[PDB]
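Peer 1: I would like the atomic coordinates for the input below:
(chains A and B, ligands or ions: 6)
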Amino acid sequence: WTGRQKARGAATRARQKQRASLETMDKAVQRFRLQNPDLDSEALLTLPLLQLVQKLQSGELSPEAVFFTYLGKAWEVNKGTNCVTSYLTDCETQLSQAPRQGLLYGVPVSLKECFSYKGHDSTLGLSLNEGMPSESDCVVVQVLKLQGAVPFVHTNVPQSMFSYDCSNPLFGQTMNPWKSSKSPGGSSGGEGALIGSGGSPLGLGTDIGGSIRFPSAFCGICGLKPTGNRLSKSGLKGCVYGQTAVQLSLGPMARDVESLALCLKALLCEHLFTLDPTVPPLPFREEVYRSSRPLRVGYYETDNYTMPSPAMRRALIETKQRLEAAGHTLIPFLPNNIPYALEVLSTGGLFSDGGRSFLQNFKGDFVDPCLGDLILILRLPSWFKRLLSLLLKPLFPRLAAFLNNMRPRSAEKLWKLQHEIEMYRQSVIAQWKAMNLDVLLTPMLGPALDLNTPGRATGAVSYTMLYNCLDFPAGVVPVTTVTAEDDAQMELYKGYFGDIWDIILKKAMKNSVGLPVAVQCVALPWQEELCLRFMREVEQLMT
Amino acid sequence: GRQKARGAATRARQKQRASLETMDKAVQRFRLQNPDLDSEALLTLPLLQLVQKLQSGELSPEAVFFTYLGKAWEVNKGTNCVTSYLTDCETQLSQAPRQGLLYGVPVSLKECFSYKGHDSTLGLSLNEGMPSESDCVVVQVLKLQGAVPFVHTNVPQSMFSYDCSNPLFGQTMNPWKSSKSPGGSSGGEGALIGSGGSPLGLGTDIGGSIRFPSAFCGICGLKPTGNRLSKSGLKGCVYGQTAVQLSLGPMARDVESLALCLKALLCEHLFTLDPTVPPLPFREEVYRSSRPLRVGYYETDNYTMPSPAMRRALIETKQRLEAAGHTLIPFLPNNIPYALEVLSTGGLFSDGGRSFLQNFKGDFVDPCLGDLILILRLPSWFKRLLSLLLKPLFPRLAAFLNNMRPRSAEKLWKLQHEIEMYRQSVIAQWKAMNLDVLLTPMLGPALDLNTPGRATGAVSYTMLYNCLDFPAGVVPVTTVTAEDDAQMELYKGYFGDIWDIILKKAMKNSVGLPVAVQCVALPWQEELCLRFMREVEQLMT
Ligand SMILES: *C(=O)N1CCC(Cc2cccc(Oc3ccc(C(F)(F)F)cn3)c2)CC1
Ligand SMILES: *C(=O)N1CCC(Cc2cccc(Oc3ccc(C(F)(F)F)cn3)c2)CC1
Ligand SMILES: [Cl-]
Ligand code: NA
Ligand code: NA
Ligand code: NA
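Peer 2: Numbering: from 1, shown residues only, chains lettered A, B, ... in the order given. Ligands and ions are numbered 1, 2, ... in the order given. Shown next is the protein structure:
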């Protein structure tokens, strides 16, 4: 498996598809703009989604108008960002079908590429998934459609969706719309760049280690990673199936938190619960989302794993003080044994099989630089990860731990690990209740890392991963931008470890003046309405 | 060395003896102060009327409690279903929140439901002298909901037989016939509730362990969707096996009681105490619906040949449902063999049984387990070899052996994904045929008293829905007539291997014993399921 002819073929074919898609969308927007030269696009594109939806519903704006305008903006912003991989087949026929009663009637929505769509590849940037169009829409696509929405594009993801950058050898590299040298985050990076530049009012990403939250934060939009099984993962393309220790979660990304709520409200209905009975039929509880009661807000300023950027620290402290000023009680709170949850529970849950199932997707394929040495490392034999870990342990403990916990195990040892994760979850919940929290405020990784560094700043996944591991709903909302003061203070940054993960992060978070910085909001499992209520408060008080 | 096991067996027996003495003394002290109390009238009150009268004040908690305690102690003489009397349930009696939906209701608990200060031995020696530090979550909510958990009921050793004997507390018997099994692993509950000793109990079910005892002892029980209720604080012997979900649920004399129990358990108390449970309240309107149902049905799973009594019970409830204006659709989940032999066995024994076998180190192995322990203990290469030797001759046994071997995490992921897809397969099937609900045979009548551990194939009617993680309930609908029992002679199974041979024999001499039918709905559809169970109940009772 060292021949690349197939991979090269797939790369050419994918590029011609994306070039063709982009042409197609160009022709359509020109045809439209000719017929509608008086349309005020800028007014329409800057409409918050709630107001867009109401005008759609009132009939004040036709779907054609909002669609081809957004399509227009998507094509335009894509020139600078390369976030659109495909234009979704007969979304224009869907445009004129969109159920008029649908809660998202006439709303264009962007999809991360793994959200399978009839007649389209979900390549994941992998060559073996090229030329394999899905035979039907995934469940959440079906409901979006049923609920009046118009999925219109597939947005780029990093190869295999297992980097928090966003390049792949098929469609290339997606860029942060705020600064071309920066990453848009990932794996939902296409979404981040698109929505964060005004090209889509609402998109859907996925998140198993922070992949909704990284791009949302890096690109200065909001996003929510619900409880794993709050929404249906049916029809989603991934590259490892049956790993249940760390739940893959999917969720909404959007310009305001109201949009996230609307999207959940829309998705959580009889259509979804019918199409996928394995999802618990938990309707969106608006009264909880709309509550304006005080909150007991747990907070931490650092997780003692990934030292926060000065920007993050300030962002956290500032939203803390504003929340306090708004009459909420802020309690110092840090989930126990984060190192354990990250180094053994998370890494071991994600790589229970040494990474072998994951590695299968790369046979014959190029490995994108933004994955870093991940593939090289997973490919190392079990005994050598062991040996290396023990040699590294006295010197570089985080790396030792990482190597040591990504080895193959028996089903017997997997059961043991899942049980530790199960109890770990219950340990943090006890902590939570003992402290009587409603909700939890935390740092979000930020600002945007430089453009090939996420795959080498491996430790920085800590702020988000922890809640994948706990399967707590966690969302992210921008609250500030990097001041020069914050940027200069990066020179005084030396992480908690001084290993190359810290060194690469240190470098990667420099030259970031003006970029958005976010804060993370966490609630207990099944409490996405509560979580959004908190996010809405944060958003309000910082915006 | 078995001296520890013998010690534990002595100590447990002392504790059970002492518990029983304690309960006797209390009932006597009560009866003296209440000689005029009509016990019989009280004991035969259905649970809904019991609760009303508790709530109205017409019956005091003391009255219903000590009466039921009395009946429990009495029926336990003939059945050996009570393991322990629960610490200051009497102090709990006088605390019971007056508002609680189960105010003053005595509740029996399978021994694995942890209770402060009590062993949850599971019949295992290593779990003796290990009192739980606190009540498990569903116990906490029962209590918060006004209920009064009063006893721990026996389970088979390790809870992995559908009989009910263990070397600590011995063997529990079917209250209808002492030579028959009460079912298991929730066999204590079956015996106790099925003889009148408890109005409402809780069991668990990973392979049919709520539904076996319920059906064998002629009561009703529900195994909801795995994560509909909190498993927090439950004692088991394998942790972190997530392929086949452990489910817990209610057992009781009528289906209304199962609904009341869910309604009571599914509330802010539970969702707070265990946020990992989806906060899905009990939807009454769905339970109470009296609209027609499209009812999928099958008479046989082509795996375990039904007893004549099962077939009759199934066909009769079918015809009654049709007469009641429900449409009955022939429907059999695809690839049951697959689901049982590879998915279920592999999910339950992903590790070759090694985690599970850890619990027996040093301990006696109860006969009602059969050769399970001996078999799991076989090396992986030999399970393989024996499998391909047996394959041409006894294919079920081959399949069983072949699928209970250790695997990599890698292969576990694969299996898990095959379970996910199989689940989706049966759901699409179900939806294709537009079913509201599914009617199924349930194993019955009760097997002879050491045969469940050797009739391993008969787990098929229940196991299937543990694998699918569908809510599945069982309701008693008839009793074995002399006709049924005689036709048992002409019974040969679908295979004629020793599992059919043992089952044929085990199900003989069963005249008058209750036979049940199984009601299944889609995931999270407990209240629909119950709605169907109520219909069945209604039309056969
Ligand atoms: C989106 O959800 N994702 C998933 C997470 C990847 C980033 C990533 C790559 C490789 C391994 C892991 O898991 C991991 C990394 C570090 C640690 C540490 F904290 F160091 F212990 C634990 N687990 C994540 C981006 C795309
Ligand atoms: C209560 O829930 N339980 C769990 C199940 C046991 C019975 C039992 C013992 C040993 C193995 C299995 O699993 C099994 C057996 C047979 C088959 C077959 F049908 F043959 F494919 C599949 N799985 C169950 C009782 C108490
Ligand atoms: Cl769930
Ligand atoms: Na460390
Ligand atoms: Na380690
Ligand atoms: Na077979």
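Peer 1: What distance do you get for the residue in the stretch 351-500 of chain A that chain B sits nearest to to ligand 1?
Peer 2: Residue of the stretch 351-500 of chain A nearest chain B, by C-beta to the nearest C-beta: residue A:419 (3.1 Å). C-betas here are computed from N, CA, C, even on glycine. Computed as C-beta to the nearest ligand atom, to the nearest Å, the residue A:419 to ligand 1 distance reads 19 Å.
Peer 1: With residue A:403 instead?
Peer 2: 11 Å.
Peer 1: secondary structure class for that residue?
Peer 2: helix (DSSP: H, G, I helix; E, B strand; the rest coil).
Peer 1: Assess the claim that it and residue A:392 are in contact.
Peer 2: Yes. Checked against C-beta atoms under 8 Å, the pair residue A:403 and residue A:392 is within contact range at 6.9 Å.
Peer 1: picking that back up, and for the residue of the stretch 351-500 of chain A closest to chain B, the neighbour number?
Peer 2: Residues lying near residue A:419 (other C-beta atoms under 10 Å in any protein chain shown) number 17.
Peer 1: and what of residue A:339?
Peer 2: 15.
Peer 1: in which helix or strand would I find it?
Peer 2: Per DSSP states H and E, residue A:339 falls inside helix A:338-340.
Peer 1: Show me what that helix is packed against.
Peer 2: Using 3 or more C-beta pairs under 8 Å, 6 or more residues apart in numbering or on different chains; DSSP states H and E as the contact test, no helix or strand touches helix A:338-340.
Peer 1: Could you pull out the buried residues of stretch A:498-506?
Peer 2: The neighbour-count check on stretch A:498-506 (16 or more other C-beta atoms under 10 Å in any protein chain shown) flags A:499-506 as buried.
Peer 1: same question but for stretch A:379-392, I mixed them up
Peer 2: A:380, A:385, A:388-389, A:392.
Peer 1: for stretch A:125-134, same thing?
Peer 2: So stretch A:125-134, judged by 16+ other C-beta under 10 Å, has buried residues A:125-130, A:134.
Peer 1: so which pair among those residues is furthest apart in space?
Peer 2: A:127 and A:134 (16.8 Å; C-beta to C-beta).
Peer 1: any chance you could map the strands in the stretch 251-400 of chain A?
Peer 2: With DSSP state E, counting those that start in this stretch as the criterion, the stretch 251-400 of chain A has strands at A:296-299, A:329-332.
Peer 1: actually chain A, not the one I typed
Peer 2: For chain A, the strands defined by DSSP state E cover A:84-87, A:108-112, A:150-155, A:167-168, A:172-173, A:202-207, A:222-225, A:249-254, A:296-299, A:329-332, A:439-443, A:474-481, A:516-522.
Peer 1: rewinding a little: now what about the helix holding residue A:339, what contacts it?
Peer 2: A:303-305, A:401, A:424, A:462, A:466 (C-beta atoms under 8 Å, 6 or more residues apart in numbering or on different chains).
Peer 1: any idea which of the residues you listed is closest to residue A:83?
Peer 2: Nearest to residue A:83 among these, with distances taken as C-beta to C-beta, is residue A:462, at 26.3 Å.
Peer 1: List the contacts of the residue nearest to the closest one when sequence neighbours are not counted.
Peer 2: Distances taken as C-beta to C-beta, 6 or more residues apart in numbering or on different chains place residue A:305 nearest to residue A:462, at 4.1 Å, with adjacent residues excluded. By C-beta under 8 Å, 6+ apart, the contact list for residue A:305 reads A:338-339, A:342, A:459, A:462, A:496.
Peer 1: Of these, which pair is most distant in space?
Peer 2: Farthest pair in the contacts of residue A:305, by C-beta to C-beta: A:342 and A:496, 12.7 Å.
Peer 1: neighbour-wise, which of the two wins?
Peer 2: Taking other C-beta under 10 Å, residue A:342 and residue A:496 do not tie; residue A:342 has more neighbours (23 against 14).
Peer 1: Who are the contact partners of that one?
Peer 2: A:305, A:461-462, A:465-466, A:469.
Peer 1: interface residues of the stretch 301-450 of chain A facing chain B?
Peer 2: A:352-354, A:356-357, A:408-422, A:425-426, A:429, A:433 (C-beta under 8 Å from any C-beta of the partner chain).
Peer 1: still on that earlier bit, among the contacts of residue A:342, which one sits closest to ligand 6?
Peer 2: residue A:469 (39.6 Å; C-beta to the ion).
Peer 1: Settle this for me: the closest one is touching residue A:350, isn't it.
Peer 2: No. Contact criterion C-beta under 8 Å: residue A:469 and residue A:350 do not qualify, at 9.3 Å.
Peer 1: what does chain A have sitting close to ligand 3?
Peer 2: Contact residues, chain A versus ligand 3 (C-beta under 5 Å from the ion): residue A:229.
Peer 1: 8 Å instead, please
Peer 2: For chain A, the contact set with ligand 3 under C-beta under 8 Å from the ion comprises A:227-229, A:279-280.
Peer 1: ok, and which of these reach chain B?
Peer 2: Within these, those near chain B by C-beta under 8 Å from any C-beta are residue A:280.
Peer 1: OK, contacts around the closest residue to residue A:92 other than its chain neighbours?
Peer 2: Excluding its sequence neighbours, the residue lying closest to residue A:92 (C-beta to C-beta, 6+ apart) is residue A:28, at 7.3 Å. Contact analysis of residue A:28 by C-beta under 8 Å, 6+ apart lists A:68, A:71, A:92.
Peer 1: Among those residues, name the ones in helices.
Peer 2: Counting by DSSP state H, the contacts of residue A:28 place A:68, A:71, A:92 in helices.
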